[PDB]
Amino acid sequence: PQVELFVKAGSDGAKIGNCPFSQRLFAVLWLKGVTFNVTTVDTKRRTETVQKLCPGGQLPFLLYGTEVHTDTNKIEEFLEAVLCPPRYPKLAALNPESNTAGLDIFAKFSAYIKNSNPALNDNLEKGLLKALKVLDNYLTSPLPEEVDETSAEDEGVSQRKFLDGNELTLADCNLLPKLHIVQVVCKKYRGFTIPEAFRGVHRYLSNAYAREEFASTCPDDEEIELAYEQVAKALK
């Protein structure tokens, strides 16, 4: 069954570019354990093949068998439904709220990073921090699998590695590529780092960077910084 992911190329026309949608599906496919290929597209210099496969030009897209699929959310839903046990793990979260935890962070970041009004900087940095804190509280809330298991010193605190438990799920595949952009960009252009006191978020990121599915699908930091340079530099 042939599976080829087409993804956004970076500044050299070849390496992985900044696209958290590309990276989400790359990670889903890696987690499924299916055999697949990844082909980068320089959208300024498209191949005759890519032009034929996807006239509409959407990116990312997926060639599966002879069918071309577009729309990241739909492509992911398709993959989860078609790549099924026993050959491939189900990657859907068990707890619905894992699928919404921290979904606001990226738009708070986008406002913060596009803002060029100095009087609103602190408001927008607050908005971002508040959204990150709500993610932190999700990551430290025990989930049903952890029911009544603890230690005297950390009662009512979750020990789990990722959003929905100790395995990576589709929820992590959506969130992590975006959280990665937020970190990289805000360090470079805002002097901002996530507070050390968000221990849940910190642990989450520590565990996520330790996983090739996330770590090996990340664009180079440089690609992410270049992608944001024009809109991030406007604030003086």
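Start at 1 with the first residue shown and count on from there.
Once you work out the mean C-alpha B-factor for both 142-150 and 125-133 from the entry, which is higher?
The deposited B-factors put 142-150 ahead on the C-alpha mean.
Do the CA atoms of 152-160 or those of 67-75 have the higher mean B-factor in the entry?
Comparing 152-160 with 67-75, the higher mean C-alpha B-factor belongs to 152-160.
Highest CA temperature factor in the entry: which of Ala107, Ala93, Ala119, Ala101?
Going by the entry's C-alpha B-factors, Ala119 comes out highest.
Checking the entry, which one of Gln183, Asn174, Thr169, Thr49 has the top C-alpha B factor?
Of the candidates given, the C-alpha B-factor peaks at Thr49.
Third of chain Cα B-factors occupied by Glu213
Within its chain, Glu213 is a lowest-third residue by C-alpha B-factor, going by the deposited values.
Going by the recorded CA B-factors, say which third of the chain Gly200 sits in, lowest, middle or highest.
Middle third - that is where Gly200 ends up once the chain's C-alpha B-factors are sorted.
Give the position of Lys187 by CA B-factor within its chain, expressed as the lowest, middle or highest third.
Middle third of the chain for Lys187's C-alpha B-factor.
Could you place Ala232 in the lowest, middle or highest third of its chain by Cα temperature factor, using the values in the record?
Answer is middle: the recorded C-alpha B-factor places it there.
Relative C-alpha B-factor of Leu25, binned into the chain's lowest, middle or highest third
For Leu25, the deposited C-alpha B-factor lands in the lowest third.
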